[PDB]
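# Fold and geometry: a report
Read off the chains here:
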Amino acid sequence: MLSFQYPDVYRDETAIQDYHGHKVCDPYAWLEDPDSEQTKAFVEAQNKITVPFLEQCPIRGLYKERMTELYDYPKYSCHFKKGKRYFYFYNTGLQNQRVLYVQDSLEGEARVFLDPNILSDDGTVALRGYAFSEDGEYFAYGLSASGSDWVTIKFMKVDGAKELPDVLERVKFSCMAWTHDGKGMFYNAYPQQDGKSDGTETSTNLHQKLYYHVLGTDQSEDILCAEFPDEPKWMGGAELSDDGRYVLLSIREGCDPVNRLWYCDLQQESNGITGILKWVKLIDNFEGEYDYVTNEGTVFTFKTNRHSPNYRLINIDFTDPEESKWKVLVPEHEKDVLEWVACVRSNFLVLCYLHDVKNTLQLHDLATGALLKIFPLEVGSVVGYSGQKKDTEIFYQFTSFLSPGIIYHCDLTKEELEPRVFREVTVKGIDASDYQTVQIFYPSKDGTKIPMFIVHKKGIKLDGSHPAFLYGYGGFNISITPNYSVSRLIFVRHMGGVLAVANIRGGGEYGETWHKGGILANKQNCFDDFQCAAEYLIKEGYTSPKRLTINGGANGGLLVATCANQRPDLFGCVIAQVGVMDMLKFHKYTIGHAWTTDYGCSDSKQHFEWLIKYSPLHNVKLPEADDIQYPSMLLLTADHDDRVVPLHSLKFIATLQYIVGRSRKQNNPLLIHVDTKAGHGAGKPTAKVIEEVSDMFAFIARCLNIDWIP
Ligand SMILES: O=C(NCC(=O)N1CCC[C@H]1C(=O)O)OCc1ccccc1
């Protein structure tokens, strides 16, 4: 099968660094420079062998054709109202980017409001964030090129969709919030830096500032409202209270669900916004999260995890702020996580809970916190919602593994608040009734029961003969909930596969305790949990090692790469997307410094000791047994992935090819594909999404010798 030869890659054997007495060699350190001729030549040489390998078999084209056909279905976001108009996103089916539409009434004819497709031939310019003025007459929107996190904010007058001259640069990881007087907008920006700022650089991002832009002026005139020069990693995001009276500043440092909370009563400013605001430091520490829901005068309602790992709602009165005085509006549930809360129709609260990895949605009274109405949902996830304080209706979007989704609407001015289907689309070609989703809980190494969803064709025999695709993430308090994936369903229908998603520790499925169970000293729990998920699928007869593929992206790329090093005997194929592979140097680049809250940092001897044991780049080793080789591996990254710099995957593949690829027993391929004009994943155009999944499933099919089932 392997008719190709791995490229020559120079090893800098002098690249040695001492980590607390532990000498670490990094022979491919030079791949950290994306601009050198050496690095460019490396990428070219790697793609040169990967592309023909992926395109040789007819299966890639078959998969691509089927994906193009089945993914071609109307895709709508739920409606949301701003001012006197309604807005919604819509993709006719295969447009590179979804389009923002506007209508003057629910019955009115909709018209194109913002079409990102006309900004590029290939759809590599995408919307990244936006904010309407409080009256809905003005609109600010961020644009990112080639998938970079960097944003350029532009503006439009809503009536007539008129482009305005205002342009804001150096924006990244920014908030967008208009003051209610309609004069301007708060946003974040980073100081100037040498070199590039286009997504191909690896420069660390520090000293993020909070600025206020007055509409109709040059960015150079912007007001500096908050800065933290003594704390380079702090990031202060601004939002206006519902009544427009207070600017709330949520300061974050790192990735834990915690934040300082400062406020500024705008009425108390000496003469409007003219400089550093008179911040009142309500919560001046990083011990808990305080997510603004709404306020009534000085009584502020926040969703918090302060001594409540499953989250709860509290009221903090700015006039009697001490913690002993806070009121618990909606107490913490013993097991269900309160995911998010919104205030609508003045005195209603919409609460979304996660019950065993499935969403529930309900309406509560703002004054007492009492449950008023349960909005029934099938097994799945709530992925969209609209309804602000002044609105008198809500829209919410539901999705699941077998259902593309349903958008519901509920008029809250009605006595009996009962929802109605607003929009529903079914994908012709995939009959939901032929498949089933089951949820099981398997014990991990330490006995902890971990949830896992398994999706497969009804009536299959559990004889271990089926190809399986097992996905996991495991970290950053992210919950991996049900979602509709045409690409995965094609694997089920056309490749006879079984899909599985393991809700391993590190995620947010069981609140902050679940998160803490998969970080820092306990990061190994994630890998153990995931390996145990694979062992469950095998023991129960869904699949066998040789037919099992594992996949994950970014922190999930780290997950599958570590699992390949630790248990190469358990997997037949591994697809690691945009993975964090160098755990000793991740903190040095772009926004990597923020991930130390989940991983630790190698500067600390204690942390280094945890990190060195699982870092993918530092644990590539030939399996001892002659009958064991590494699984087939495919790394996917892109040259503008400034979230997880591509050097991670470049150094990792060089190491795999040298240490393992050179061995005579290694017959499974170890490849990388580096895309252009793309980044971490957000905003990737439809055309690229299709090529990507086609590469993935063609790799699986060729390596495992799977025939296409028409
Ligand atoms: O870095 C992330 N998110 C985490 C992220 O993208 N990660 C964390 C690990 C690698 C990668 C991933 O898994 O996609 O977002 C940037 C940010 C914004 C505000 C405050 C701090 C940080």
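Residues numbered from 1 in each chain as written, not as in the entry; some residues may be left out. Heavy atoms only, no water.

### Details of the packing of helix α3 (residues 486–495) against helix α10 (residues 686–704)
As a reminder, the rule being used: To define axes, lines are fitted to C-alpha atoms, for helices over the stretch in contact only, and angles between the resulting N-to-C directions are given on a 0 to 180 degree scale. Strands here are runs of E lasting at least two residues and helices are runs of H or I lasting at least four, both read from the DSSP assignment and numbered beginning at the N terminus. Working rule for handedness: look at the near helix, and if it is turned counterclockwise from the far one by less than a right angle, call the crossing left-handed; if clockwise, right-handed. Should any heavy atoms of two residues lie within 4.5 Å, those residues are considered in contact. Polar here means any residue other than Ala, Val, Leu, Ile, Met, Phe, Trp, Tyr, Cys and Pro, which are nonpolar, and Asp, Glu, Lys and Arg, which are charged; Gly is therefore polar.
One way to put it is that α3 packs onto α10 with a least axis distance of 11 Å and a crossing angle of 35°. Taken as a pair, α3 and α10 cross one another with a handedness that is right-handed. In contact with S487, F491 and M495 of α3, α10 contributes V693, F697, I700 and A701. Of the residues in the contact of α3 with α10, the class split is 6 nonpolar, 1 polar and no charged.

### Brief notes about the sheet that holds strand β39 (residues 670–675)
Note the following rule: In this description, strands pair whenever DSSP reports at least two bridges between them.
The strand order across the open sheet built from 8 strands is β32-β33-β35-β34-β36-β37-β38-β39, with neighbouring strands paired in mixed fashion. Two strands lie at the open edges of the sheet, namely β32 (435–443) and β39, each paired on one side alone. Between one strand and the next, the sheet's axes are offset by a mean angle of 20°, whatever the strand orientation. Packing against the sheet, helix α6 (residues 555–566) makes contact with β36 (548–553), β37 (573–577) and β38 (632–638), and its axis sits at approximately 145° to β36.

### Topic: the domain arrangement of the chain
The following threshold applies: Annotation comment: domain bounds sourced from an automatic or database domain assignment. Accessible surface is computed with a 1.4 Å probe, and the buried area is the amount of it that two parts give up when combined, taken over both parts together. Every case where a carboxyl oxygen of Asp or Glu lies within 4 Å of a side-chain nitrogen of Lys or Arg is listed as a salt bridge.
Each domain of the chain was delimited in the assignment, giving domain 1 (1–73 + 427–710) and domain 2 (74–426). Contacts between the two partners involve 65 residues from domain 1 and, on the opposite side, 58 residues from domain 2. Both faces combined, the contact of domain 1 with domain 2 buries some 4,900 Å², and carbon together with sulfur accounts for 58% of it. When the area that domain 1 buries against domain 2 is broken down by residue, the three leading residues are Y73, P482 and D642, summing to 14%. Applying the counting rule to domain 1 against domain 2 returns 3 salt bridges.

### Details of the site of the ligand
Cut-off, in case you're wondering: Whether a residue is near a molecule or strand is decided by its heavy atoms; if any one of them lies within 4 Å of it, the residue is near. Polar contact criterion, stated in full: a pair of N or O atoms within 3.5 Å, where within protein one must be able to donate a hydrogen and the other to accept it, and residues adjacent in sequence count only if both atoms are side-chain atoms.
Taken together, 15 residues are adjacent to the ligand, and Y473, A554, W595, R643 and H680 come closest. The separation between an oxygen atom of the ligand and a polar side-chain atom of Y473 is 2.7 Å. A distance of 2.8 Å is found between an oxygen atom of the ligand and a side-chain nitrogen or oxygen belonging to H680. Of the residues contributing to the shell around the ligand, the split by class is 11 nonpolar, 3 polar and 1 charged. The two domains that each donate at least three residues to the shell around the ligand are domain 1 (1–73 + 427–710) and domain 2 (74–426).

### Brief notes about α10
Inclusion rule: Expected span of a helix, by definition, is 1.5 Å for each gap between consecutive residues, and there is one gap fewer than residues.
End to end, α10 covers 27 Å across 19 residues, agreeing with the expected 27 Å (1.5 Å per residue, within 8%). Note on α10: the residue one or two positions beyond its end, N705, has a positive phi of about 55°.

### A few points about the packing of aromatic side chains
Applicable threshold: Any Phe, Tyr or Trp ring, taking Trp's six-membered ring, that has another such ring centre within 6.5 Å forms a pair; planes under 30 degrees apart are called stacked, those over 60 apart edge-to-face, and the others tilted. Categorising residues by exposure relies on relative accessible area from a 1.4 Å probe, with only protein chains included: less than 20% of the type maximum marks a residue as buried, more than 50% marks it as exposed, and the intermediate range marks it as partly exposed. Our definition puts a charge over a ring when NZ of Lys or CZ of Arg is within 6 Å of the ring centre and also within 35 degrees of the ring normal.
Evaluation of the coordinates by the stated rule reveals 60 aromatic pairs. Each ring, one from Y19 and one from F608, has its centre 5.2 Å from the other, and the planes form 15°; the classification is stacked. Here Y19 is found in strand β1 (residues 16–19), whereas its partner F608 is found in helix α8 (residues 605–614), with 589 residues between them in sequence. The exposure class of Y19 is buried, given its relative accessible area of 7%. Counting every residue linked through ring pairs, the aromatic cluster contains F80, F87, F89, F113, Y130, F132, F139 and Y141. It is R260 that lies over the ring of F286; its NZ or CZ is 4.9 Å from the centre.

### So, the packing of helix α1 (residues 37–55) against helix α9 (residues 647–661)
So the rule is basically this: By definition in this entry, angles of less than 35 degrees are roughly parallel, angles greater than 145 are roughly antiparallel, angles of 65 to 115 are roughly perpendicular, and the rest are oblique.
At a closest axis distance of 12 Å, the pairing of α1 and α9 adopts a crossing angle of 60°. Considering the angle they form, α1 stands oblique to α9. Regarding α1 and α9, the two cross each other, and that crossing is left-handed. Here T39, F42, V43 and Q46 of α1 lie close against α9, whose contacting residues are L650, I653, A654 and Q657.

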